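Here's the structure, in structure tokens; my notes come after.
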Amino acid sequence: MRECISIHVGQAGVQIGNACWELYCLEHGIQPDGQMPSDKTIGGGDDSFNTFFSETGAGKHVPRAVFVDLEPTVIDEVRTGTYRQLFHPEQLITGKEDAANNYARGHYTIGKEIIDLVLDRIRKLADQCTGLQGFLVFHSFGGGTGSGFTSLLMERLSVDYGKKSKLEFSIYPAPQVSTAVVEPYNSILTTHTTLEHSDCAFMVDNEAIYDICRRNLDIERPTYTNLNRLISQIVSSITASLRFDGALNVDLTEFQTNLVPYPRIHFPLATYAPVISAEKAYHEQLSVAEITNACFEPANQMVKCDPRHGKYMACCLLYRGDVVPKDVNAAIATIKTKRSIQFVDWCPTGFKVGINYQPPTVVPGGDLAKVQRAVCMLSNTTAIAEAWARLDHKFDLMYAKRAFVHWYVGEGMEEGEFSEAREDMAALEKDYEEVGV
Amino acid sequence: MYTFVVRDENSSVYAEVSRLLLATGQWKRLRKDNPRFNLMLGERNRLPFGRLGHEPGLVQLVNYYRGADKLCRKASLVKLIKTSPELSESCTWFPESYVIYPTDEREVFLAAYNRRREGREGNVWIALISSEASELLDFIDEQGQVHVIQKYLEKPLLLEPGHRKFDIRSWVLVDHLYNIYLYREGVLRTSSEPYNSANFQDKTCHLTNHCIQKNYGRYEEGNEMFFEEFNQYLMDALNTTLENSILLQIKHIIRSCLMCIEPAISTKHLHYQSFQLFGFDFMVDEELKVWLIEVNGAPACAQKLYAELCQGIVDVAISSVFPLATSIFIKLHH
Amino acid sequence: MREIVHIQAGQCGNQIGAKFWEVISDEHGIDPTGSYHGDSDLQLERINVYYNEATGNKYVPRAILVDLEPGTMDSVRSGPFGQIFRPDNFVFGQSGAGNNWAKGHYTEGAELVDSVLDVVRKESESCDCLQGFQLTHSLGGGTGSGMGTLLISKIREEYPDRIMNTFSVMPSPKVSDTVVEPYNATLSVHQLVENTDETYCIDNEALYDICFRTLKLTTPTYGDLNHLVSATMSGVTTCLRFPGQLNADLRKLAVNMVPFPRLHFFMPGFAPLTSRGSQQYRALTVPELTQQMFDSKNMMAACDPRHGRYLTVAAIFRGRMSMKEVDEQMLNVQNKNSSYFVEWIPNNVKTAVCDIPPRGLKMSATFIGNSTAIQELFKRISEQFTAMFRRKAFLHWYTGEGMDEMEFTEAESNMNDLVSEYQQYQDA
Amino acid sequence: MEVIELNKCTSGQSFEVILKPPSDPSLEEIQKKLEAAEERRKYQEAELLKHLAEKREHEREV
Ligand SMILES: Nc1nc2c(ncn2[C@@H]2O[C@H](COP(=O)(O)OP(=O)(O)OP(=O)(O)O)[C@@H](O)[C@H]2O)c(=O)[nH]1
Ligand SMILES: Nc1ncnc2c1ncn2[C@@H]1O[C@H](COP(=O)(O)OP(=O)(O)CP(=O)(O)O)[C@@H](O)[C@H]1O
Ligand SMILES: Nc1nc2c(ncn2[C@@H]2O[C@H](COP(=O)(O)OP(=O)(O)O)[C@@H](O)[C@H]2O)c(=O)[nH]1
Ligand SMILES: COc1ccc(CCc2cc(OC)c(OC)c(OC)c2)cc1O
Ligand SMILES: [Ca+2]
Ligand SMILES: [Mg+2]
Ligand SMILES: [Mg+2]
């Protein structure tokens with residue numbers, strides 16, 4: 001067994017972390033106080049769930065997580081919330097004044113003052129690990145902490161843990177639930193600085209999740225709580241292979257092997273189905289064929305784009321619930337003849353499939369209905385580059401007038417970093433264009 | 001109001017379309033780079049499809065289908081017909097074609113060119129026109145542009161008086177629902193000099209474009225014969241109608257082509273919607289068989305029909321999504 | 001960043017400042033003695049931003065009251081909520097500035113500024129994390145204008161990494177104390193352009209026209225004008241004072257509102273516009289709020305928004321209403337008038353909703369616009385300034401206090417520059 | 001068409017289906033960039049305090 005440490009940075013990462021660890025506790029039968037009656041080996045073990053939980057002599061199962069925010073408002077709600085007993089006080093790290101939506105302020109001004117404290121608290125969990133394999137980092141692209149501090153942390157982890165895999169869960173900025181007009185700036189800057197330091201990154205466009213909540217959950221104006229519970233389902237699907245018995249995606253290195261053949265193109269598209277409202281009084285359960293086919297409708301993707309106009313480099317199907325291989329292959333054969341699924345010539349046309357028999361768990365009183373079977377598809381398609389184009393155009397529009405650039409220079413950043421980061425994004429878009437057309 | 005942008009200035013079709021929209025009093029034009037639009041009349045090439053459908057509070061429509069180029073490029077149109085089971089190789093309405101690159105299907109093309117020589121039958125091809133293969137291969141590598149080698153229709157239908165050749169142009173509007181609307185008015189783009197069975201360099205009687213001609217204008221105004229006259233000629237000359245002898249095949253070809261690509265380009269469940277106007281170019285041999293020559297993704301209309309067609313585009317494609325306050329189209333059902 | 005230090009200087013500053021503390025104290029449920037007799041905990045969640053907590057469950061405004069003339073300050077202590085202020089925070093001189101900017105900035109005010117800075121330092125030391133300062137003041141007199149900018153320069157010296165926000169009342173011949181007001185305003189604007197991060201331009205020309213043209217007040221008083229100011233001031237601080245999704249602070253506002261450091265002069269707006277006493281019975285609908293707040297008739301700066309372009313906009317809706325309908329109504333306005341918003345700043349209109357409505361209204365909306373049409377205000381001041389300065393009229397009042405004509409020419413040119421900088425982005 | 005490497009267990013099973021075959025900076029460099037930015041901040045704030053110093057001189061002169 002090899003442990004994984006989760007790092008949650010800024011508001012978006014912290015609040016998504018709460019939703020994920022809440023979901024993990026329900027999934028593994030861990031109570032809010034940390035007790036796990038089904039664990040018969042008290043105070044230790046090397047089970048699959050020990051990848052995410054360490055154990056105390058008193059039987060407490062404690063997340064291998066560190067929460068970091070440059071301001072204390074959000075993490076304080078963890079410190080006082082329903083799951084306060086779960087974490088150890090040293091894993092919740094707060095400053096007093098945040099990054100003010102400024103990448104440079106999070107990276108240079110305030111980050112430099114707190115980076116060493118965080119790395120020491122991270123080192124505290126790593127010393128508790130017999131086989132630490134790497135980290136899962138949750139953050140927003142848009143926030144000053146989510147963008148600026150994360151990139152600083154990511155560069156350091158490469159120095160202190162050069163041998164460990166680093167996975168990202170990244171919240172892509174959307175105007176519908178956005179926080180700042182400068183979010184395109186922070187996105188390009190953080191992507192450029194983090195790119196060499198991430199092995200695999202799952203982007204979640206707040207636009208996609210917002211519309212899924214409106215369209216399928218029947219929620220007029222989704223809250224962060226609505227969005228986060230849905231995101232946590234997708235994260236739990238993606239991480240289930242690390243926490244449960246199984247043959248597919250059992251270590252972080254396997255995410256790179258299975259999903260990322262090129263290092264820079266390491267942003268797999270996630271598609272999840274079915275999303276069903278709890279309020280819906282009558283529901284017809286969807287079959288393996290229906291939910292698998294749903295994996296190729298853009299309206300179900302974490303990022304809105306058109307895979308039909310790109311090429312695939314890898315594709316994993318992660319089912320949970322009542323699914324057998326026979327039904328999966330029958331669905332795949334049907335879908336293959338009817339949809340536009342082009343792989344690149346130097347990769348095989350094939351799906352890696354994993355099935356967990358336990359159906360997805362839903363938070364009591366949440367908005368997601370219990371379903372008999374669900375699937376999360378992770379495909380590495382060039383079509384996700386559409387999100388880079390969308391983001392880079394907004395960056396170009398403001399930067400042509402140097403709008404807001406003074407707020408970054410004022411924090412010690414040179415204007416040249418804007419164009420370096422943008423040129424890297426220009427290179428990234430060109431990389432996707434080669435592989436894709 | 002509704003809003004729209006104009007990003008293709010050289011488009012005569014949508015220059016009229018935008019003009020008509022303004023005249024309603026319910027459509028406001030914006031600048032190229034203003035993103036808060038309801039409708040985009042986008043650029044012919046590198047149109048930014050990845051930026052559409054991400055404006056909250058805006059239903060966005062564009063006048064092009066992403067992926068439609070695979071039907072509107074000669075090299076890709078051949079590839080699509082050979083490789084799509086829905087079309088087959090035994091496709092009976094497309095001339096034998098082979099992709100040839102300037103440096104691929106050159107060994108495949110010459111092996112069938114021997115069957116045309118060992119059988120000693122008609123062996124003329126088009127790329128310019130020649131009866132010997134290696135004559136224009138010297139001209140294909142001469143340009144450094146991927147060319148298509150196509151068997152030329154040696155026995156075309158010829159109109160009298162004149163013993164002339166022609167090509168039929170059909171305008172097809174596909175809306176956001178992927179309904180296929182054939183404009184009821186077509187155009188014959190006629191040759192004015194008589195067709196010579198052995199004057200391949202004489203391009204005026206072999207290539208029937210409106211530019212090459214402009215005896216130009218002798219038999220009909222602008223080398224354009226519309227369906228009223230051509231139908232009458234077929235009645236008098238051949239004892240048949242335009243519908244029976246030609247138009248059934250044309251609607252079959254249009255339906256077949258657009259059904260083949262529908263799964264690849266349909267915007268049924270997309271975050272943005274598409275429509276597009278197509279121009280299909282057809283040939284008619286002497287036994288009244290219709291052949292598909294090319295599909296135009298950015299077609300220009302005929303001068304007499306601009307007003308009616310452009311009003312139809314606004315009718316069925318644009319107002320169908322953005323309402324306000326007989327049909328000229330034949331719905332090709334499926 | 002949680003604590004804000006409030007400073008009100010001179011007559012105008014102290015009167016609108018006192019009215020502000022009356023209004024938000026009522027909203028947070030604090031009585032004149034300093035005791036909380038409210039009912040919702042939302043009133044207390046961010047009460048620390050403006051109030052220090054005192055012995056015996058008493059909340060004390062973090063406010064410093066400054067005047068060179070003892071008069072208005074006595075009016076405050078005897079005013080309705082005057083008891084709540086910390087007595088040591090009253091810092092007053094004896095002679096007054098006489099509507100002379102030079103006396104406030106260079107001679108009379110310089111003598112008192114240090115005593116104000118000591119009170120500022122004492123309030124800052126009690127701060128867990130001071131986020132910045134807000135000043136209320138007029139630009140047409142001498143104390144709030146001349147001494148007010150002197151304090152701002154001094155505070156930036158001692159707190160260079162803190163945000164400076166001002167509520168600056170603009171002089172108007174329609175409400176005019178003296179002929180030298182364009183001189184005082186032009187000298188103050190020169191300071192505000194360099195030493196504040198956010199300035200709300202409260203124009204007495206607009207406050208009068210609203211009272212006369214819209215509210216049907218034939219001869220409006222300062223009391224009628226300040227009713228509009230306190231409602232706007234309550235609105236623009238809603239997000240600082242209440243628990244929200246945003247969790248807003250002065251720095252995030254400056255970052256997102258100000259694309260270029262000098263262009264930080266905001267045009268505020270309010271809807272619905274109401275006169276004192278006369279109550280409202282018909283609540284506005286979300287479409288009505290949106291249309292009114294963007295209407296020039298509701299702008300607190302006498303500028304036509306259709307003569308410029310919005311660089312950024314911040315709008316705060318208060319009351320129980322459909323947040324979906326607000327989103328559809330804001331999207332409606334930007335989409336039907338996209339020509340008046342710059343296309344090179346994506347998503348430049350931000351909207352927040354607060355459950356708690358202000359007193360007397362069930363639905364209300366406050367508008368903060370960074371528009372290039374604000375140059376109309378500066379051009380108005382510049383024309384009045386030049387009309388006198390070309391004849392060096394009334395200048396002896398200032399050369400007698402040590403000022404040189406050169407200092408007037410420089411202030412003139414900087415405000416003209418600010419004017420031309422706004423025009424640069426209006427056409428871009 | 002071809003199903004391979006099928007593994008089973010009590011929790012579930014995994015496999016692979018093939019439809020067609022195919023055809024870092026150091027610690028020193030980080031600490032130097034973080035402190036080059038701080039120097040740029042010190043210089044900008046020193047320039048501010050120098051400008052504010054000139055203003056105080058002018059206030060004395062008037
Ligand atoms: N899905 C989701 N997105 C969030 C959530 N909270 C914030 N965001 C997104 O994060 C972006 C802003 O970054 P934040 O994480 O809020 O800011 P930060 O990381 O705390 O850094 P600071 O600016 O210093 O506060 C916005 O685009 C939001 O859409 C959340 O709870 N769920
Ligand atoms: N295989 C073939 N047999 C007979 N005639 C042919 C032919 N291929 C092309 N032609 C003739 O050549 C002319 C031009 O062919 P083509 O359609 O490729 O040119 P083009 O694409 O410039 C016309 P458009 O203006 O619609 O784009 C047609 O009018 C047609 O009559
Ligand atoms: N809106 C408003 N404006 C005021 C008020 N008092 C003064 N003013 C304006 O401020 C200018 C006079 O400045 P004043 O505050 O009296 O000078 P100070 O006391 O030395 O700061 C004039 O242009 C007035 O129009 C007030 O109570 N409300
Ligand atoms: C496009 O412009 C933006 C502007 C402001 C913000 C955030 C800060 C912020 C918003 C407020 O909402 C109106 C507000 O209320 C007045 C506030 O006050 C402190 C602060 C984001 C933006 O993207
Ligand atoms: Ca155990
Ligand atoms: Mg934050
Ligand atoms: Mg006065």
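Naming convention: chains lettered A, B, ... in sequence-line order (proteins, then strands); numbering from 1 in each chain. Computed over heavy atoms, backbone and side chain alike; hydrogens, waters and symmetry mates excluded.
- The side chain to side chain contact (heavy atoms under 4.5 Å, CB included) check on B/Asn296 picks up B/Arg169, B/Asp281, B/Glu294, B/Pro299, with sequence neighbours excluded.
- No hydrogens or angles considered: a donor-acceptor pair under 3.5 Å links the side chains of B/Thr3 and B/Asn38.
- In this structure, the portion of B/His271 lying under 4.5 Å from any heavy atom of chain A is its side chain and not its backbone.
- Scanning residues 332-339 of chain A against chain B with a 4.5 Å heavy-atom cutoff picks out A/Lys338, ordered by number.
- Looking only at heavy-atom pairs under 4.5 Å with chain B, the residue among A/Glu297, A/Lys304, A/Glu207, A/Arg308 that has the most is A/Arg308.
- For the pair B/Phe94 and B/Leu292, the tightest heavy-atom approach, listed with the atom from each and the gap, is CD1-O, 3.3 Å.
- Most heavy-atom pairs under 4.5 Å with chain A: of the set B/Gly53, B/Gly57, B/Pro263, this distinction falls to B/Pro263.
- Applying the salt bridge (charged side-chain N to carboxylate O under 4.0 Å, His left out) criterion to A/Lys311, with sequence neighbours excluded, gives no partner residue.
- With sequence neighbours left out, the side chain to side chain contact (heavy atoms under 4.5 Å, CB included) criterion links A/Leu397 to A/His393, C/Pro346.
- A cation-pi arrangement is not found for B/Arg51 relative to B/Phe49, the charged atom failing to lie both closer than 6.0 Å to the ring centre and inside a 45° cone about the ring normal.
- Between A/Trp388 and A/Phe267, a ring centre-to-centre spacing shorter than 6.0 Å is recorded.
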